[PDB]
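1. compute the structure for the input listed below.
(one chain, ligands or ions: 1)
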Amino acid sequence: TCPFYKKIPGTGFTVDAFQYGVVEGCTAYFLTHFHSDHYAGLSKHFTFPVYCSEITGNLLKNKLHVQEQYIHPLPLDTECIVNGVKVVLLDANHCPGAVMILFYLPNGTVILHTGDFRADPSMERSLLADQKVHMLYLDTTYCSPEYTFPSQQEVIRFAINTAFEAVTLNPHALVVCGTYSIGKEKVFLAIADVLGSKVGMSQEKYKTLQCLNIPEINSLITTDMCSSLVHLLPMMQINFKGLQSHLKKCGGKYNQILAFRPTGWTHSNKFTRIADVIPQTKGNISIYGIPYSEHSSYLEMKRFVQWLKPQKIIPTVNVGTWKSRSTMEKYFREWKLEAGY
Ligand code: NI
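-> Numbering: from 1, shown residues only. I have put the structure below:
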């Protein structure tokens, strides 16, 4: 049964609610992005209207085989009427195709559903500037002040410089980047660009990348692994055992691996500056954990919410424990007292 924080009152709409069977009264199912916790339940046998971005729609059709007749892509930054209700999709600054959804309810209430997002000051100059929001359904993944991490630009600068240094010292080193979902493509694309290489990968991952509308993509990726010195592997293989095994497969073309694990936040963020980050090393294999986040830091979230000044906040993440719910409620009241709304 569908939880309350996935329902939009005064409509027939749900958000990210595909794992509950046929939801009573739902005439349109919105999907914010193509991550498995959010699409859980969709398949080629789904027969209700799905509303989403173009990129999410490419992934539904090619990866999940949802039939074309049930896919309803909407352009971004454009007022659209769905089943008699005005909606707008906004870039969420999460993974490719990820959106926030603004709903203009028939009774005059305005609701913003962030989906998953990385708040940014650029959102203060979207179509959000123009009017008031009564209810905010908020991605509260990192809603506590201990969650700090650098800008995505600083993280990419560290990765490019690290990879370029290593491969210039040793032209026989291979770079490996972990992946388990869409998102964070800049990590492997920026490293391959500095090295003058295409990114090599499995046929399954090439297919997924071909759905993302990235400009000039045919110039940047390949399924010919042996022509490429940046390879992608599943995240589960980014360990000394799995990397040793991978090094065998390249027929003695390489004699060193340098590997990246983009994580979200880890507790080594609470002590170490990005500049000071060091790898784990065993022999000719080194592994870097890099804090590349596609969710808001505490401070980014706080800034967004203090600017938007919503009347009510409904968290969408960390809602399962009383301690989490209490902590999040305390910070919302601080933010409101400090800013005066
Ligand atoms: Ni996500």
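
2. how about the residue in the stretch 51-200 of the chain that the ion sits nearest to: what's its closest non-neighbour residue?
-> As assessed by Cβ to the ion, the ion sits closest to residue 116 within the stretch 51-200 of the chain, at 3.6 Å. Every residue, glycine included, has its C-beta placed from N, CA and C. In space, residue 116 comes closest to residue 94 once its chain neighbours are excluded; the distance is 4.6 Å by Cβ to Cβ, 6 or more residues apart in numbering.

3. so the residue in the chain sticking out farthest from the centre, which state does it fall into?
-> Ranking residues of the chain by C-alpha distance from their mean position (Cα atoms, centre = their mean) puts residue 252 at the top, at 35.9 Å. When classified by DSSP: H, G, I helix; E, B strand; the rest coil, residue 252 comes out as coil.

4. how about the strands in the stretch 51-200 of the chain?
-> 71-73, 80-82, 85-91, 99-104, 110-113, 135-138, 173-179, 199-200 (DSSP state E, counting those that start in this stretch).

5. the ones you listed into TSV, with extra columns for distance to residue 36?
-> As requested, the strands of the stretch 51-200 of the chain are exported to TSV (distance: least, Cβ to Cβ, whole Å):
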stretch	distance to residue 36
strand 71-73	18
strand 80-82	25
strand 85-91	21
strand 99-104	17
strand 110-113	19
strand 135-138	20
strand 173-179	13
strand 199-200	23
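
6. in CSV: these, plus mean neighbour count and distance to the ion.
-> Converted to CSV, those look like this (neighbours: other Cβ atoms under 10 Å; distance: least, Cβ to the ion, whole Å):
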stretch, mean neighbour count, distance to the ion
strand 71-73, 17, 19
strand 80-82, 13, 23
strand 85-91, 20, 14
strand 99-104, 22, 12
strand 110-113, 22, 13
strand 135-138, 22, 14
strand 173-179, 23, 14
strand 199-200, 24, 22
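
7. and of these, who's closest to residue 34?
-> Among those, the nearest to residue 34 by Cβ to Cβ is strand 99-104 (11.0 Å).

8. pairing partners for the closest one, with directions?
-> Strand 99-104 sits in its sheet next to strand 85-91 (antiparallel), strand 110-113 (antiparallel), going by DSSP bridges.

9. tell me how far residue 13 lies from the ion.
-> Separation of residue 13 from the ion (Cβ to the ion, to the nearest Å) stands at 20 Å.

10. my bad, should have said residue 226
-> Taking Cβ to the ion, one finds residue 226 at 33 Å from the ion.

11. one step back: could you dump the strands paired with strand 99-104 into JSON lines and include distance to residue 272?
-> Listed next are the strands paired with strand 99-104 as JSON lines, based on distance: least, Cβ to Cβ, whole Å:
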{"stretch": "strand 85-91", "distance to residue 272": "31"}
{"stretch": "strand 110-113", "distance to residue 272": "35"}
